[PDB]
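**Student:** Got a structure for you, final-v6.txt, holding compact mmCIF, N, CA and C atoms.
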```txt
# COMPACT_ATOMS: atom_id res chain seq x y z
N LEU L 5 29.05 48.13 303.44
CA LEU L 5 29.63 48.13 302.12
C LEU L 5 30.55 49.23 301.86
N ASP L 6 31.29 49.13 300.69
CA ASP L 6 32.37 49.67 299.97
C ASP L 6 32.34 50.07 298.55
N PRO L 7 31.31 50.49 297.85
CA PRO L 7 31.53 50.53 296.40
C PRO L 7 31.14 51.82 295.85
N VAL L 8 30.72 52.65 296.79
CA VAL L 8 29.93 53.83 296.68
C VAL L 8 29.79 54.23 295.22
N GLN L 9 30.92 54.59 294.62
CA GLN L 9 30.94 55.28 293.34
C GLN L 9 30.87 54.35 292.15
N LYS L 10 31.33 53.12 292.32
CA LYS L 10 31.24 52.13 291.26
C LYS L 10 29.76 51.82 290.98
N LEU L 11 28.85 51.89 291.97
CA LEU L 11 27.42 51.73 291.70
C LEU L 11 26.90 52.85 290.84
N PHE L 12 27.21 54.11 291.19
CA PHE L 12 26.74 55.29 290.48
C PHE L 12 27.08 55.22 289.02
N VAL L 13 28.30 54.76 288.70
CA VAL L 13 28.69 54.43 287.33
C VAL L 13 27.61 53.61 286.65
N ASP L 14 27.10 52.59 287.29
CA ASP L 14 26.22 51.66 286.64
C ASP L 14 24.94 52.31 286.22
N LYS L 15 24.38 53.10 287.12
CA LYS L 15 23.28 53.98 286.85
C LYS L 15 23.69 54.93 285.71
N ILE L 16 24.81 55.66 285.79
CA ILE L 16 25.12 56.77 284.85
C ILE L 16 24.95 56.44 283.38
N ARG L 17 25.33 55.22 283.05
CA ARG L 17 25.60 54.81 281.69
C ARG L 17 24.39 55.02 280.82
N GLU L 18 23.25 54.59 281.30
CA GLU L 18 22.08 54.56 280.46
C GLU L 18 21.50 55.93 280.18
N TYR L 19 21.86 56.90 281.01
CA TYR L 19 21.31 58.25 280.93
C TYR L 19 21.80 58.87 279.64
N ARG L 20 23.11 58.76 279.41
CA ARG L 20 23.71 59.24 278.17
C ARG L 20 23.21 58.44 276.97
N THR L 21 23.15 57.12 277.10
CA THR L 21 22.79 56.26 275.97
C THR L 21 21.48 56.68 275.31
N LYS L 22 20.44 56.83 276.13
CA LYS L 22 19.13 57.28 275.66
C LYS L 22 19.18 58.63 274.98
N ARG L 23 19.84 59.60 275.63
CA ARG L 23 19.94 60.97 275.10
C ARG L 23 20.58 60.99 273.72
N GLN L 24 21.62 60.18 273.52
CA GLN L 24 22.32 60.05 272.24
C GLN L 24 21.65 59.06 271.29
N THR L 25 20.37 58.78 271.49
CA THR L 25 19.54 58.00 270.56
C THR L 25 18.10 58.50 270.56
N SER L 26 17.91 59.80 270.81
CA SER L 26 16.59 60.36 271.08
C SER L 26 15.60 60.04 269.96
N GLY L 27 14.36 59.77 270.34
CA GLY L 27 13.34 59.33 269.39
C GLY L 27 12.16 58.67 270.09
N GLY L 28 10.95 59.09 269.72
CA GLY L 28 9.74 58.73 270.43
C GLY L 28 9.84 59.04 271.93
N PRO L 29 9.11 58.26 272.72
CA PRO L 29 9.47 58.02 274.09
C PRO L 29 10.66 57.10 274.21
N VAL L 30 11.64 57.54 274.98
CA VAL L 30 13.02 57.31 274.56
C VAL L 30 13.36 55.91 274.94
N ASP L 31 13.21 54.89 274.10
CA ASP L 31 13.33 53.48 274.52
C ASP L 31 12.18 53.01 275.41
N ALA L 32 11.47 53.95 276.02
CA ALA L 32 10.17 53.73 276.56
C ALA L 32 9.26 53.09 275.51
N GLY L 33 9.29 53.65 274.30
CA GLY L 33 8.36 53.27 273.25
C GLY L 33 7.01 53.95 273.34
N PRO L 34 6.08 53.75 272.40
CA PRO L 34 4.85 54.52 272.36
C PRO L 34 4.22 54.81 273.72
N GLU L 35 4.34 53.91 274.68
CA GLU L 35 3.64 53.94 275.97
C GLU L 35 3.72 55.27 276.71
N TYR L 36 4.89 55.90 276.76
CA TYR L 36 5.01 57.24 277.30
C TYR L 36 4.13 58.24 276.52
N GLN L 37 4.18 58.16 275.17
CA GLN L 37 3.43 59.04 274.29
C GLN L 37 1.96 59.06 274.69
N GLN L 38 1.34 57.89 274.83
CA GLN L 38 -0.12 57.78 274.94
C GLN L 38 -0.66 58.59 276.12
N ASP L 39 0.10 58.61 277.20
CA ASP L 39 -0.23 59.44 278.34
C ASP L 39 0.04 60.91 278.03
N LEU L 40 1.26 61.20 277.58
CA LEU L 40 1.72 62.55 277.27
C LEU L 40 0.66 63.34 276.51
N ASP L 41 0.16 62.78 275.41
CA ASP L 41 -0.73 63.49 274.50
C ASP L 41 -1.99 64.01 275.18
N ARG L 42 -2.57 63.20 276.07
CA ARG L 42 -3.73 63.59 276.87
C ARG L 42 -3.30 64.71 277.79
N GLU L 43 -2.18 64.54 278.49
CA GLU L 43 -1.73 65.50 279.51
C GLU L 43 -1.52 66.89 278.97
N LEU L 44 -0.93 66.96 277.77
CA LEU L 44 -0.70 68.22 277.09
C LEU L 44 -2.02 68.88 276.73
N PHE L 45 -3.02 68.13 276.30
CA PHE L 45 -4.32 68.73 276.03
C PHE L 45 -4.93 69.29 277.30
N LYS L 46 -4.80 68.55 278.40
CA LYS L 46 -5.51 68.92 279.61
C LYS L 46 -5.07 70.25 280.14
N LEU L 47 -3.78 70.45 280.09
CA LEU L 47 -3.20 71.69 280.49
C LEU L 47 -3.70 72.89 279.66
N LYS L 48 -3.91 72.71 278.35
CA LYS L 48 -4.57 73.71 277.51
C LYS L 48 -5.94 74.10 278.07
N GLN L 49 -6.71 73.14 278.55
CA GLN L 49 -8.04 73.39 279.11
C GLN L 49 -7.99 74.36 280.29
N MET L 50 -6.92 74.30 281.10
CA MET L 50 -6.77 75.13 282.29
C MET L 50 -6.57 76.60 281.94
N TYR L 51 -6.05 76.87 280.74
CA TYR L 51 -5.84 78.22 280.23
C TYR L 51 -6.75 78.57 279.06
N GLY L 52 -7.69 77.68 278.73
CA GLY L 52 -8.46 77.78 277.51
C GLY L 52 -7.59 77.72 276.25
N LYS L 53 -8.26 77.84 275.10
CA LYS L 53 -7.63 77.60 273.79
C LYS L 53 -6.94 78.84 273.23
N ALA L 54 -6.68 79.83 274.09
CA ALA L 54 -5.91 81.00 273.71
C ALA L 54 -4.50 80.61 273.25
N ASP L 55 -4.16 81.00 272.03
CA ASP L 55 -2.84 80.75 271.47
C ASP L 55 -1.74 81.41 272.32
N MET L 56 -0.62 80.71 272.43
CA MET L 56 0.45 81.07 273.35
C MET L 56 1.68 81.55 272.62
N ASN L 57 1.64 81.52 271.28
CA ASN L 57 2.67 82.05 270.40
C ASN L 57 2.27 83.43 269.84
N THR L 58 1.02 83.83 270.05
CA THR L 58 0.53 85.16 269.73
C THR L 58 0.77 86.12 270.88
N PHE L 59 0.90 87.40 270.55
CA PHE L 59 0.69 88.48 271.50
C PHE L 59 -0.69 89.13 271.34
N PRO L 60 -1.48 89.20 272.42
CA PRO L 60 -2.80 89.80 272.42
C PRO L 60 -2.68 91.31 272.54
N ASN L 61 -3.58 92.03 271.87
CA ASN L 61 -3.84 93.43 272.17
C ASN L 61 -5.20 93.84 271.60
N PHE L 62 -5.93 94.65 272.36
CA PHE L 62 -7.23 95.18 271.95
C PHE L 62 -7.42 96.61 272.43
N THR L 63 -8.51 97.22 271.99
CA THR L 63 -8.93 98.54 272.43
C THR L 63 -10.14 98.42 273.30
N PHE L 64 -10.34 99.51 274.01
CA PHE L 64 -11.32 99.55 274.97
C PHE L 64 -11.94 100.92 275.19
N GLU L 65 -13.21 100.88 275.53
CA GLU L 65 -14.06 101.96 275.04
C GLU L 65 -14.58 102.70 276.25
N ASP L 66 -15.81 103.16 276.13
CA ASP L 66 -16.39 103.99 277.14
C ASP L 66 -17.89 103.65 277.28
N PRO L 67 -18.49 104.07 278.39
CA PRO L 67 -19.91 103.88 278.63
C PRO L 67 -20.58 105.15 279.11
N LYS L 68 -21.91 105.10 279.32
CA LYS L 68 -22.69 106.22 279.87
C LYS L 68 -21.84 107.05 280.85
N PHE L 69 -22.12 108.35 280.91
CA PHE L 69 -21.51 109.27 281.88
C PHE L 69 -22.45 110.43 282.21
N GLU L 70 -22.02 111.26 283.16
CA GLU L 70 -22.88 112.05 284.05
C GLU L 70 -22.56 113.55 283.95
N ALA B 61 11.04 78.23 272.81
CA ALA B 61 11.81 79.46 272.99
C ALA B 61 11.56 80.49 271.88
N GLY B 62 12.02 81.72 272.10
CA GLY B 62 11.90 82.79 271.12
C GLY B 62 10.51 83.42 271.10
N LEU B 63 9.49 82.67 271.51
CA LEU B 63 8.14 83.19 271.72
C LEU B 63 8.09 84.23 272.83
N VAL B 64 8.57 83.84 274.01
CA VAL B 64 8.71 84.78 275.12
C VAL B 64 9.49 86.03 274.72
N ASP B 65 10.57 85.86 273.95
CA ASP B 65 11.36 86.97 273.43
C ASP B 65 10.55 87.90 272.52
N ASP B 66 9.78 87.33 271.58
CA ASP B 66 8.80 88.05 270.77
C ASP B 66 7.86 88.89 271.65
N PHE B 67 7.17 88.23 272.60
CA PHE B 67 6.17 88.87 273.44
C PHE B 67 6.82 89.93 274.29
N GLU B 68 8.03 89.66 274.76
CA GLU B 68 8.80 90.54 275.61
C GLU B 68 9.06 91.86 274.89
N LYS B 69 9.71 91.79 273.72
CA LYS B 69 10.06 92.98 272.95
C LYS B 69 8.81 93.76 272.61
N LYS B 70 7.78 93.06 272.10
CA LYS B 70 6.52 93.69 271.72
C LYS B 70 5.86 94.35 272.92
N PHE B 71 5.85 93.73 274.09
CA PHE B 71 5.27 94.28 275.30
C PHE B 71 6.00 95.55 275.74
N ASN B 72 7.33 95.48 275.84
CA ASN B 72 8.13 96.61 276.30
C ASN B 72 8.07 97.77 275.31
N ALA B 73 8.04 97.46 274.01
CA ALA B 73 7.92 98.47 272.97
C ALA B 73 6.50 99.04 272.88
N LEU B 74 5.51 98.32 273.40
CA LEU B 74 4.11 98.59 273.17
C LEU B 74 3.62 99.67 274.14
N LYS B 75 2.61 100.42 273.69
CA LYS B 75 1.73 101.19 274.56
C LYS B 75 0.28 100.80 274.34
N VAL B 76 -0.42 100.62 275.45
CA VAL B 76 -1.86 100.47 275.46
C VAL B 76 -2.57 101.83 275.21
N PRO B 77 -3.82 101.76 274.74
CA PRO B 77 -4.68 102.89 274.46
C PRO B 77 -4.99 103.66 275.74
N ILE B 78 -5.79 104.70 275.59
CA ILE B 78 -6.40 105.40 276.72
C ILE B 78 -7.92 105.54 276.53
N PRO B 79 -8.62 105.92 277.61
CA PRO B 79 -10.05 106.23 277.61
C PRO B 79 -10.34 107.73 277.76
N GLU B 80 -11.42 108.21 277.13
CA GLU B 80 -11.56 109.62 276.68
C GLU B 80 -13.01 110.13 276.81
N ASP B 81 -13.18 111.46 276.73
CA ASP B 81 -14.45 112.12 277.18
C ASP B 81 -15.44 111.81 276.16
N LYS B 82 -16.64 111.59 276.67
CA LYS B 82 -17.72 111.90 275.80
C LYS B 82 -18.17 113.36 275.93
N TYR B 83 -17.81 114.01 277.04
CA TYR B 83 -18.39 115.26 277.50
C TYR B 83 -17.37 116.05 278.31
N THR B 84 -16.83 117.09 277.69
CA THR B 84 -16.25 118.27 278.35
C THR B 84 -16.93 119.55 277.87
N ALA B 85 -18.16 119.45 277.37
CA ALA B 85 -19.05 120.60 277.26
C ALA B 85 -19.90 120.81 278.52
N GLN B 86 -20.10 119.75 279.31
CA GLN B 86 -20.69 119.84 280.65
C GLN B 86 -19.98 120.82 281.55
N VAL B 87 -18.65 120.78 281.53
CA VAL B 87 -17.75 121.76 282.15
C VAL B 87 -18.31 123.15 281.95
N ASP B 88 -18.85 123.44 280.76
CA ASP B 88 -19.19 124.79 280.34
C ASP B 88 -20.64 125.09 280.56
N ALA B 89 -21.45 124.05 280.34
CA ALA B 89 -22.83 124.03 280.69
C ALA B 89 -23.11 124.47 282.14
N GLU B 90 -22.13 124.36 282.94
CA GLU B 90 -22.14 124.95 284.22
C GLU B 90 -22.13 126.46 284.26
N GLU B 91 -21.08 127.06 283.71
CA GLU B 91 -20.88 128.49 283.72
C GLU B 91 -22.07 129.18 283.14
N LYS B 92 -22.77 128.59 282.15
CA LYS B 92 -24.02 129.10 281.58
C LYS B 92 -25.20 129.07 282.56
N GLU B 93 -25.50 127.92 283.17
CA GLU B 93 -26.42 127.81 284.30
C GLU B 93 -25.93 128.64 285.51
N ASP B 94 -24.68 129.04 285.55
CA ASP B 94 -24.17 129.86 286.65
C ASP B 94 -24.44 131.31 286.45
N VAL B 95 -24.42 131.70 285.18
CA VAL B 95 -25.04 132.93 284.70
C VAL B 95 -26.51 132.97 285.06
N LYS B 96 -27.20 131.82 284.93
CA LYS B 96 -28.61 131.70 285.29
C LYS B 96 -28.77 132.02 286.76
N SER B 97 -28.04 131.33 287.63
CA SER B 97 -28.09 131.58 289.06
C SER B 97 -27.87 133.04 289.42
N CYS B 98 -26.70 133.57 289.05
CA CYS B 98 -26.35 134.91 289.39
C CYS B 98 -27.11 135.87 288.48
N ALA B 99 -26.43 136.71 287.70
CA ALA B 99 -26.99 137.82 286.94
C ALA B 99 -28.50 137.76 286.70
N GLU B 100 -28.94 136.78 285.90
CA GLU B 100 -30.35 136.61 285.56
C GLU B 100 -31.25 136.60 286.79
N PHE B 101 -30.92 135.78 287.79
CA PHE B 101 -31.77 135.55 288.95
C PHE B 101 -31.34 136.33 290.16
N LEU B 102 -30.05 136.29 290.46
CA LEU B 102 -29.40 137.13 291.41
C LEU B 102 -29.96 138.51 291.41
N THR B 103 -29.81 139.27 290.33
CA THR B 103 -29.96 140.72 290.37
C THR B 103 -31.37 141.13 290.74
N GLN B 104 -32.36 140.67 289.96
CA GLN B 104 -33.77 140.92 290.23
C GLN B 104 -34.13 140.46 291.65
N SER B 105 -33.64 139.29 292.05
CA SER B 105 -33.80 138.80 293.42
C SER B 105 -33.15 139.65 294.47
N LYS B 106 -31.93 140.07 294.23
CA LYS B 106 -31.16 140.87 295.14
C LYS B 106 -31.82 142.15 295.51
N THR B 107 -32.40 142.76 294.50
CA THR B 107 -33.06 144.04 294.65
C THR B 107 -34.24 143.92 295.60
N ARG B 108 -35.06 142.87 295.38
CA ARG B 108 -36.20 142.56 296.25
C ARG B 108 -35.77 142.35 297.68
N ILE B 109 -34.73 141.54 297.84
CA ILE B 109 -34.21 141.17 299.13
C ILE B 109 -33.77 142.39 299.89
N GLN B 110 -32.89 143.19 299.27
CA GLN B 110 -32.41 144.40 299.92
C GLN B 110 -33.57 145.26 300.43
N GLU B 111 -34.53 145.53 299.54
CA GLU B 111 -35.61 146.44 299.84
C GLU B 111 -36.36 146.07 301.08
N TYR B 112 -36.77 144.80 301.19
CA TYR B 112 -37.40 144.26 302.38
C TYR B 112 -36.66 144.62 303.67
N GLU B 113 -35.35 144.87 303.60
CA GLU B 113 -34.46 145.10 304.81
C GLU B 113 -34.48 146.42 305.32
N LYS B 114 -34.34 147.24 304.31
CA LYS B 114 -34.63 148.60 304.53
C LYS B 114 -36.08 148.76 304.95
N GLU B 115 -37.01 148.03 304.34
CA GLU B 115 -38.41 148.08 304.68
C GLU B 115 -38.67 147.73 306.10
N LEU B 116 -37.96 146.74 306.54
CA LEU B 116 -38.18 146.26 307.83
C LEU B 116 -37.73 147.17 308.89
N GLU B 117 -36.66 147.84 308.61
CA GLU B 117 -36.28 148.91 309.46
C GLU B 117 -37.42 149.80 309.91
N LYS B 118 -38.15 150.33 308.96
CA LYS B 118 -39.15 151.37 309.19
C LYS B 118 -40.41 150.77 309.73
N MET B 119 -40.66 149.56 309.35
CA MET B 119 -41.81 148.88 309.88
C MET B 119 -41.52 148.21 311.23
N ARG B 120 -40.26 148.11 311.68
CA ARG B 120 -39.90 148.08 313.10
C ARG B 120 -40.05 149.42 313.79
N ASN B 121 -40.13 150.49 313.01
CA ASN B 121 -39.96 151.86 313.46
C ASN B 121 -41.07 152.78 312.89
```
Would you mind writing the file out in structure tokens?
**Tutor:**
Amino acid sequence: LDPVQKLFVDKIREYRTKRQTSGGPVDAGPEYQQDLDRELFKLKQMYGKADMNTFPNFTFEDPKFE
Amino acid sequence: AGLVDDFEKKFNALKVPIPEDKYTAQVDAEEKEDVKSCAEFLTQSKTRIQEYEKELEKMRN
């Protein structure tokens, strides 16, 4: 064959179309969402429920000595 | 975004605490017990010790 780049055009088109109509799962419809929501929770479990928009800081003390 | 920037500035600007003595009177509690070792005990002891040496001389002789 011969069309190399004319095929790539055909693929290209839809990439922009979706981006310029963003909303939900993008023409996917709810179906992408239903998985996503679980996945995002699961990843929280790997780091525990520590907030990620906070900065942590604490003090630290002393024990018995000699 | 902007969260990392928050944490970044706060981290670089921040200093953590330090940890501190319960006891730097122990440092001194030494020199007092060191007075105990020497002067108090040393001197009276020293005198006894010396004498025995001289003593031994003559009781070798």
**Student:** Check the smallest atom-to-atom distance from each of B:76, B:109, B:116, B:99 to chain L using all atoms listed in the file, then report the winner.
**Tutor:** B:76
**Student:** Using all atoms listed in the file, what table do you get, as a tab-separated table, when you list each residue of chain B with an atom no more than 7 Å from chain L, its nearest pair of atoms, and their distance in Å rounded to one decimal, rows by chain then rising number?
**Tutor:**
```
residue	atom	partner	partner_atom	distance
B:63	CA	L:57	CA	5.7
B:67	CA	L:59	CA	5.8
B:77	CA	L:63	CA	6.4
B:78	C	L:64	C	6.3
B:79	CA	L:65	C	5.9
B:80	N	L:65	C	6.4
```
**Student:** Between atom C of residue 31 in chain L and atom C of residue 18 in chain L, what is the distance, to one decimal in Å?
**Tutor:**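 One can read the atom C of residue 31 in chain L to atom C of residue 18 in chain L distance as 10.9 Å.
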**Student:** Would you work out the distance separating atom C of residue 68 in chain B from CA of residue 44 in chain L, expressed in Å to one decimal?
**Tutor:**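 Going from atom C of residue 68 in chain B over to CA of residue 44 in chain L, I get 25.7 Å.
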**Student:** If you run DSSP on this backbone, which residues of chain B come out as alpha helix (DSSP H), and could you give them as an MDAnalysis selection string?
**Tutor:** chainID B and resid 63:73 86:95 102:119
**Student:** So the first atom is CA of residue 12 in chain L and the second is CA of residue 29 in chain L; what is the distance between them in Å, to one decimal place?
**Tutor:**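 Here the two named atoms are 24.0 Å from each other.
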**Student:** Would you compute, for all listed atoms of range 16-33 of chain L, the axis-aligned bounding box grown by 3 Å on each side, and then report its centre and edge lengths in Å rounded to one decimal, as JSON?
**Tutor:**
```
{"center_x": 16.3, "center_y": 57.0, "center_z": 277.6, "size_x": 24.6, "size_y": 14.0, "size_z": 22.4}
```
